[PDB]
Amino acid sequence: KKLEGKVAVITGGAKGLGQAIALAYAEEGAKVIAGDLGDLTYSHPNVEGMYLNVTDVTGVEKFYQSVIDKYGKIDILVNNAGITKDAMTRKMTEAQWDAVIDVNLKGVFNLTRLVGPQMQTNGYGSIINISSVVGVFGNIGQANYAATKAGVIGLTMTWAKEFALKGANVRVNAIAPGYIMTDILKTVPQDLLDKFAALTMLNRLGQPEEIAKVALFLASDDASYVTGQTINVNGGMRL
């Protein structure tokens, strides 16, 4: 199978895109660890749920070491955990700003600074960061979120360079999804979601499996000459 014998960590893996990615990987033979604040909303023999708060530095170290102790190595990392706290910038509170940067940007750093160097030392890995169409185009009411999702692209390019030093076969890429119905959209008015669908060339929102399949491509050796990239998976949207 495509990921047979590979160990994959998925942050925010309890539901939504993270669930879809975990299941796609597990169906292709990966040993998957789905880390989340919440219990998994699903079961698969090759998905282990673990508690993970990507904002708790001490907790991230404990999670990382627990995975290494049990599974030996981490071949694939998907930095998928993410939140929104939307507001017009005129009204956005310090807490709305801080929380989004902490999960979506620092939380990516907190775990990658452990996993990525481990991949370099092992001479192999694939890291997939989850950006957003909002990071590529900006979006009203989302200065915090857009900063993080554009920021993830900066991390992606930097780490694609760094972790491939000294001949290490480590790739780092990002996926920038368009709009997919998950709980992250709970505060987004339906008028906007309908507008977003109409802005795609395919005239529709995406499904979680449509992101998972691209994540599977990038994690696998099929994408062996793809690194440093941000792949837009957005039905052709311009936002």
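The first residue of the shown sequence is 1; numbering continues from there.
Trainee: When the Cα temperature factors in the entry are averaged, is it 177-185 or 207-215 that ends up higher?
Mentor: According to the entry, 177-185 carries the higher average C-alpha B-factor.
Trainee: Take the C-alpha B-factors listed in the entry for 48-56 and for 186-194, compute each mean, and give the stretch with the larger one.
Mentor: According to the entry, 186-194 carries the higher average C-alpha B-factor.
Trainee: Using the temperature factors in the entry, find which of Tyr145, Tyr124, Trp159, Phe137 has the highest value at its Cα atom.
Mentor: So the option with the highest C-alpha B-factor is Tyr124.
Trainee: If you rank every modelled residue in this chain by C-alpha B factor, which third holds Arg113: lowest, middle or highest?
Mentor: It belongs to the middle third of the chain when residues are ordered by C-alpha B-factor.
Trainee: Going by what the PDB entry lists, where does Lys106 fall on CA B-factor within its chain: lowest, middle or highest third?
Mentor: For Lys106, whose C-alpha B-factor we compare with every modelled residue in the chain, the answer is the lowest third.
Trainee: Lowest, middle or highest third: which one holds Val32 when the chain's residues are ordered by CA B-factor from the entry?
Mentor: Tercile = highest for this residue's CA B-factor.
Trainee: Select lowest, middle or highest to describe the third in which the CA B-factor of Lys149 falls within its chain in this entry.
Mentor: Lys149: CA B-factor falls in the lowest third of its chain.
Trainee: Mind checking which third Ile21 falls in for C-alpha B-factor across the chain?
Mentor: Its C-alpha B-factor, which the entry lists for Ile21, ranks in the lowest third among residues of this chain.
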